[PDB]
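Protein chains in written order, with PDB author numbering: chain C, 591 to 615; chain A, 64 to 586; chain B, 45 to 63; chain D, 626 to 631.
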């Protein structure tokens, strides 16, 4: 067979919305 | 004699306050009940209408007893011996005996109703000089009982719950600390917990006229970073792997993973699932602020050769290399460039759920939401389970009803990995006790031979292996590595979240008027 | 609002007491 | 089993 976990790659969180951060001034 | 001392200390502490008659203590011992260990039960009641409702907290004491032996099981090839711990002896008979004792304590079935609100095992001896531990246990039991009462009867008793609307007139902040040398965090019993990354969420206050500055700390979270083997197959005539719509170098074969180990309040008196959701939101927001999670590996690389050296990946990168590389003389950007060639630019969010402990009652909701649909016959639309409903309701209530508009009802929220993780501690060479969870993939790469690494990864990844086989393999590897000088205390299970659900939750929190300003992020 | 959260969501036994 | 104990 083939070693490794294939489902773990698809569950990664890449980026989130930028509106959660407080705006300067 | 452990039950008597603990009960005496609790009663002595309570004798001076105004809550003398609010608690009932029940002692259960094997000489009259079918229980494996001596236990103490702390009970409290609440009255709605003309009915009484009682809730109890169970505290078995196992200090001074012999450890459990191994059990022989049935396998595909033959018979295997599986290790066991204290929690394995708490079956339905124990629950029935505890319920019978609780009912006998209050007077009978006609005097009210009784339910179990939590369970925690105490592995340390209790003497006549342990007032602090007794006070902490009493506080934890009271918090659990009050939270259960609120959850069950808030609508009838008019008891509110935390939500993001109470932080509208203030400025939340966050901070992160990377520490890996010295003592670690401790639990209520006093056992070490791995605390490689610590995140604190606070609130900023300024006086209107006097211009004074102060802050209020709410909750804290601890965890660490692990690695998972996940090679990419280009030879199957498939498209290239895209992360955030960007291709990756062909040499990347490892996926970073974040594991949460604990969460506790700092100045808040009550800890509810809503507070846990707030802490999770804060941790997610902080950890993604400019790739701040790689700072842990960058800092770990500054120590040089050691069990946590990230330079062991040089052997993966080049087969000719046979020794870990030393990166203590490289700049931060050089280390980042080196890491970019072997690691995926993404993070996996996971959590360890203990089978028993101080906050197991709170954290048991995550496993309950893994099963979405009950197989009951339906007229038109399939029925949805109760744990999923509870988790969805908590998520929607924290964000004031925006999660429902952002996320579709019925989509997955939690996945199960199927790995059972042991809990314990061992003696470190620096004179302190360290968490048994220090043994990970990097430790095997830096300390052991590639065969052990392959066996560890196969045990963590193979799908044609039962739970007992994986447990036996990991136990054998740990015993061989540590020469048998360690102690086990319990079990834990690992679950991970859905990234789409997390993104929807972040968007809903942003849409509710909640913002956070990290204060410690560098570069 | 956040200043008196312990009054709104109170518990009988508190871990911290102060001097 | 512990999660469904009580």
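C-beta atoms are modelled at their ideal positions from N, C-alpha and C, and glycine is treated no differently.
Query raised in the report: With DSSP run on the structure shown, which of helix, strand or coil describes residue 495 of chain A?
Result: Translated into positions along the second chain, residue 495 of chain A becomes position 432. Three-state result, residue 495 of chain A: coil.
Report task. Would you identify the three-state DSSP class for residue 271 of chain A, choosing helix, strand or coil? Result -> By 1-based counting over the second chain, the position of residue 271 of chain A is 208. DSSP places residue 271 of chain A in coil when its eight states are reduced to three.
Query - Backbone CA spacing between residue 543 of chain A and residue 242 of chain A [nearest angstrom] - result: The residue given as residue 543 of chain A occupies position 480 in the second chain. The residue given as residue 242 of chain A occupies position 179 in the second chain. Spanning the two alpha carbons is a distance of roughly 28 Å.
Query raised in the report: If we ignore side chains and look at the alpha-carbon of each, how far apart do residue 103 of chain A and residue 512 of chain A end up?
Result: Here residue 103 of chain A refers to the residue found at position 40 when the second chain is read from its first residue. Here residue 512 of chain A refers to the residue found at position 449 when the second chain is read from its first residue. So the two alpha carbons sit approximately 48 Å from each other.
Query - Three CB pairs or more closer than 8 Å across the segment 249-258 of chain A and the segment 170-189 of chain A - result: yes
Query raised in the report: Taking 9 Å as the CB-CB cut-off, is residue 63 of chain B touching chain A?
Result: The count along the third chain starts at 1 and reaches residue 63 of chain B at position 19. Answer no: the Cβ-Cβ gap between residue 63 of chain B and chain A never drops below 9 Å.
Query raised in the report: For the segment 96-113 of chain A, which residues have a CB atom closer than 9 Å to at least one CB atom of chain D, in sequence order?
Result: none
Query raised in the report: Does the count of Cβ pairs from the segment 198-215 of chain A and the segment 544-556 of chain A closer than 8 Å reach three?
Result: The answer is no - the segment 544-556 of chain A does not touch the segment 198-215 of chain A, with fewer than three Cβ pairs under 8 Å.
Query - Rounded separation between residue 369 of chain A and residue 458 of chain A - CA only - result: As a working mapping, residue 369 of chain A is identified with position 306 in the second chain. As a working mapping, residue 458 of chain A is identified with position 395 in the second chain. Roughly 42 Å between the two C-alpha positions.
**Report entry** Spatial distance of residue 399 of chain A from residue 464 of chain A (CA atoms)
**Finding:** Locating residue 399 of chain A in the second chain gives position 336, where the first residue counts as 1. Locating residue 464 of chain A in the second chain gives position 401, where the first residue counts as 1. So the two alpha carbons sit approximately 40 Å from each other.
Query raised in the report: Using the C-alpha atoms, what's the distance from residue 150 of chain A back to residue 156 of chain A?
Result: Locating residue 156 of chain A in the second chain gives position 93, where the first residue counts as 1. Locating residue 150 of chain A in the second chain gives position 87, where the first residue counts as 1. Each residue's Cα considered, the two are about 13 Å apart.
Query - Reference residue 132 of chain A, options A:145, A:220, A:444, closest by Cα - result: What you label residue 132 of chain A is simply residue 69 of the second chain in a count that begins at 1. Of the listed residues, the one whose Cα sits closest to residue 132 of chain A is A:145.
**Report entry** Where residue 318 of chain A meets chain C, residues with beta-carbon distance less than 7 Å
**Finding:** Position 255 of the second chain, counted from the start, is the residue given in the question as residue 318 of chain A. Correct list: 598, 599, 602.
Query raised in the report: Using DSSP with H/G/I as helix, E/B as strand and the rest coil, what is residue 371 of chain A?
Result: As a working mapping, residue 371 of chain A is identified with position 308 in the second chain. Here residue 371 of chain A sits in coil by DSSP.
Report task. Mind listing the chain C neighbours of residue 562 of chain A? Cutoff is C-beta to C-beta under 9 Å, in chain order. Result -> In the second chain, counting from the first residue as 1, residue 562 of chain A sits at position 499. The contacting residues are 600, 601, 602, 603, 604.
Report task. Could you tell me the boundaries of the beta strand (DSSP E) in which residue 88 of chain A lies? Result -> Residue 88 of chain A sits at position 25 when you count from the first residue of the second chain. Its beta strand (DSSP E) spans residues 87-91.
Query - CB of residue 178 of chain A within 9 Å of CB of residue 119 of chain A, strictly - result: Counting from 1 along the second chain, the entry for residue 178 of chain A is found at position 115. Counting from 1 along the second chain, the entry for residue 119 of chain A is found at position 56. Taking 9 Å as the Cβ cut-off, residue 178 of chain A and residue 119 of chain A qualify as a contacting pair.
Requested in this report: Give the single residue among A:129, A:143, A:167 whose Cα lies nearest to the Cα of residue 106 of chain A.
Outcome: Your numbering for residue 106 of chain A matches position 43 in the second chain. Measuring from the Cα of residue 106 of chain A, the nearest candidate turns out to be A:167.
Report task. State the beta-bridge partners of residue 111 of chain A as determined by DSSP. Result -> The residue you call residue 111 of chain A lines up with position 48 of the second chain. Among the bridge pairs identified by DSSP, residue 111 of chain A is matched with A:114.
Query raised in the report: If you measure beta-carbon to beta-carbon, which residues of the segment 506-532 of chain A are closer than 9 Å to chain B?
Result: Look at the segment 506-532 of chain A: it has no residue with a C-beta under 9 Å from a C-beta of chain B.
Requested in this report: Pull up the distance between the alpha-carbon of residue 211 of chain A and that of residue 324 of chain A, whole angstroms please.
Outcome: Within the second chain, the letter at position 148 stands for residue 211 of chain A. Within the second chain, the letter at position 261 stands for residue 324 of chain A. Rounded to the nearest angstrom, the two C-alpha atoms are 23 Å apart.
Query raised in the report: Do we get a CB-CB distance below 9 Å when we pair residue 249 of chain A with the residues of chain B?
Result: Residue 249 of chain A sits at position 186 when you count from the first residue of the second chain. No, residue 249 of chain A lies away from the interface with chain B (no Cβ there is under 9 Å from its Cβ).
Query raised in the report: With 16 other CB atoms within 10 Å as the buried threshold, where does residue 230 of chain A fall?
Result: Against the second chain, residue 230 of chain A aligns to sequence position 167. Residue 230 of chain A comes out buried.
Report task. Return the residues of the segment 192-214 of chain A that lie within a Cβ-Cβ distance of less than 8 Å from chain B, sorted by chain order. Result -> Within the segment 192-214 of chain A, the residues whose Cβ lies closer than 8 Å to some Cβ of chain B are 198, 199, 201, 202, 205, 206, 209, listed in chain order.
Requested in this report: Could you please give the first and the last residue of the uninterrupted beta strand (DSSP E) stretch that includes residue 257 of chain A?
Outcome: Working through the second chain from its first residue, we reach residue 257 of chain A at position 194. Residue 257 of chain A -> no beta strand (DSSP E), and no H or E assigned at all.
Requested in this report: Just list the alpha helix (DSSP H) runs in the segment 461-544 of chain A, keeping only unbroken ones of 4 residues or longer that don't cross its boundaries, in chain order.
Outcome: 465-469, 504-510, 513-524
Report task. State the DSSP-derived secondary structure class of residue 553 of chain A, mapped to helix, strand or coil. Result -> Numbered from 1 along the second chain, position 490 holds the residue referred to as residue 553 of chain A. If DSSP states are grouped into helix, strand and coil, residue 553 of chain A belongs with the strands.
Query raised in the report: Counting pairs of Cβ atoms below 8 Å between the segment 446-454 of chain A and the segment 344-359 of chain A, do you hit three or more?
Result: no
Query raised in the report: Exposed or buried, which one is residue 281 of chain A when buried takes at least 16 other CB atoms within 10 Å?
Result: If you number the second chain from 1, residue 281 of chain A lands on position 218. Here residue 281 of chain A is buried, its C-beta having at least 16 other C-beta atoms within 10 Å.
Report task. Can you have a look at residue 93 of chain A and say buried or exposed, based on whether 16 or more other CB atoms are within 10 angstroms of its CB? Result -> Indexing the second chain from 1 puts residue 93 of chain A at position 30. Residue 93 of chain A is exposed by the Cβ-count criterion.
Requested in this report: Anything in the segment 273-288 of chain A with a Cβ closer than 9 Å to a Cβ of chain B? List those residues in chain order, please.
Outcome: 279, 281
Requested in this report: Report yes or no: is there a C-beta of chain G within less than 9 Å of the C-beta of residue 158 of chain A?
Outcome: As a matter of chain content, chain G is missing from the structure shown, whose protein chains are C, A, B and D.
Query raised in the report: For residue 266 of chain A, which of helix, strand or coil comes out of DSSP?
Result: Within the second chain, the letter at position 203 stands for residue 266 of chain A. Three-state result, residue 266 of chain A: strand.
Report task. Measure how close the beta-carbons of residue 413 of chain A and residue 321 of chain A come, nearest whole angstrom, since I'm counting them as under 8 Å. Result -> On the second chain, residue 413 of chain A is found 350 positions in, with the first residue counted as 1. On the second chain, residue 321 of chain A is found 258 positions in, with the first residue counted as 1. Indeed, because the Cβ distance is near 6 Å, the residues count as touching under 8 Å.
Query raised in the report: Closer than 9 Å, CB to CB, is residue 152 of chain A near chain D or not?
Result: For the purposes of this step, residue 152 of chain A is identified with residue 89 of the second chain, where counting begins at 1. Output row for residue 152 of chain A: interface = no.
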